[PDB]
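Just one chain is shown here, as structure tokens, and it is the form deposited without the RNA.
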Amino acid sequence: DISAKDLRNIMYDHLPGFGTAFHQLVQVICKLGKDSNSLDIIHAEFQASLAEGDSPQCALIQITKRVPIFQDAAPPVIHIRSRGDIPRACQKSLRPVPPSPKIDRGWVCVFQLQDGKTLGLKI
């Protein structure tokens, strides 16, 4: 049975660069997937999408649209100390949080900084 660490590694092995917004999306898909016992269907959708010729980036997005735990779901909140805890390759993807962010519309997560600042990571 696939673990969350295993799934993260499989997905990472298909992504170019490191610490990009897509890497963070893998983290969120894996966390939310573990918590909803859905790692197997997520892995299956990921592989099916690649097998059809989709880019791995499109495969990750398709998961947010096809797997029901992500459908019309709010992005998870992740508490951090400062913007420095976010990878360099994510920095330009950080945005002010809109009123009703949804994962399946590209809002991967919401970082909540110690001093109260809040930033959404957008794909």
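In case it trips you up, residue 1 is the first one in the sequence shown, and so on.
We do not show the form deposited with the RNA bound, though everything after this point is about it.
*Using the partner position in the deposited complex, report whether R8 sits within 4.5 Å of the RNA, counting heavy atoms only.*
Outside the cut-off, so no.
*Give a yes/no on whether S93 approaches the RNA to within 4.5 Å in the deposited complex, heavy atoms considered.*
Yes, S93 is a contact residue.
*Is there a heavy atom of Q57 no more than 4.5 Å from a heavy atom of the RNA in the deposited complex?*
Flag for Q57 set to yes.
*Find out whether any non-hydrogen atom of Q24 is located within 4.5 angstroms of the RNA in the deposited complex, and reply yes or no.*
Residue-level check for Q24: no, no contact with the RNA.
*in the deposited complex, which of the listed residues (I61, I69, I41, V28) lies with a heavy atom within 4.5 Å of the RNA?*
Exactly one residue meets the criterion: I61.
*For the stretch 9 to 46, return the residues whose heavy atoms include at least one within 4.5 Å of the RNA in the deposited complex, in the order they occur.*
The stretch 9 to 46, when checked against the RNA in the deposited complex, contributes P16, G17, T20, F22 at the 4.5 Å heavy-atom cut-off.
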